[PDB]
């Protein structure tokens, strides 16, 4: 150590995976997250894609420093003030990695039928070259990376997909230039009966 990483690498891809918490501690944090996080509803839970509007197949929330905003798929989200459980996770991640963050996005999947579609994390408000930290609690779910040049009907090349399960209590670091080159998603898994909560920490420009 101080930590033990599994490195995930391939053309233009640079990420790393590790387990931060044991089962007892991870169960405590999950219960506190279910008690305290406030999720967006109604008009703040609909997006526009290919000209049509949809309610998102999951629940979402945003927290962070004053003044920042976060915009994607026709939806603009404003961040709530930091709370203790979220400050504790942020500080632990900063200590382990040496990086700093001023914003967090939270996604909750109620069972295996809740999911999220393919995309890159590259909006203008992200500081150039900064990393993104992904922390998970609850049921294990499969996570998938796909190369931009390999997408669609007859693509330019065919780079193999990269798949890994994200377990209860784990951290995935996504480093530059991962998000200029690769899309990611969380597909439907019908045999999964229990809920999962995911947190992604970021550096946002004012």
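Positions refer to the first chain, counted from 1.
What stretch has the higher average Cα B-factor here, 118-126 or 85-93?
Going by the record's values, the stretch with the higher mean is 118-126.
So, looking at the entry's B-factor column for Cα atoms, which has the higher mean, 194-202 or 6-14?
The recorded data point to 6-14.
Using only the C-alpha B-factors in the record, can you name which of 179, 41, 48, 55 has the highest?
The C-alpha B-factor peaks, among 179, 41, 48, 55, at 179.
Highest Cα B-factor in the PDB entry belongs to which of 171, 159, 33, 61?
Of the options given, 159 has the highest CA B-factor in the PDB entry.
Lowest, middle or highest third of the chain for the C-alpha temperature factor of residue 100?
Highest third, going by the recorded CA B-factors of the chain.
Where does the C-alpha B-factor of residue 29 rank in its chain, lowest, middle or highest third?
According to the entry, residue 29 has a C-alpha B-factor in the chain's lowest third.
Could you tell me which third, lowest, middle or highest, the C-alpha B-factor of residue 70 occupies within its chain?
Top third by C-alpha B-factor.
Tell me, lowest, middle or highest third: where does the Cα B factor of residue 136 rank within its chain?
Its C-alpha B-factor belongs to the lowest third of this chain's values.
Thinking about Cα B factors across the chain, which third does residue 113 belong to?
Ranked within chain, residue 113 CA B lands in the lowest tercile.
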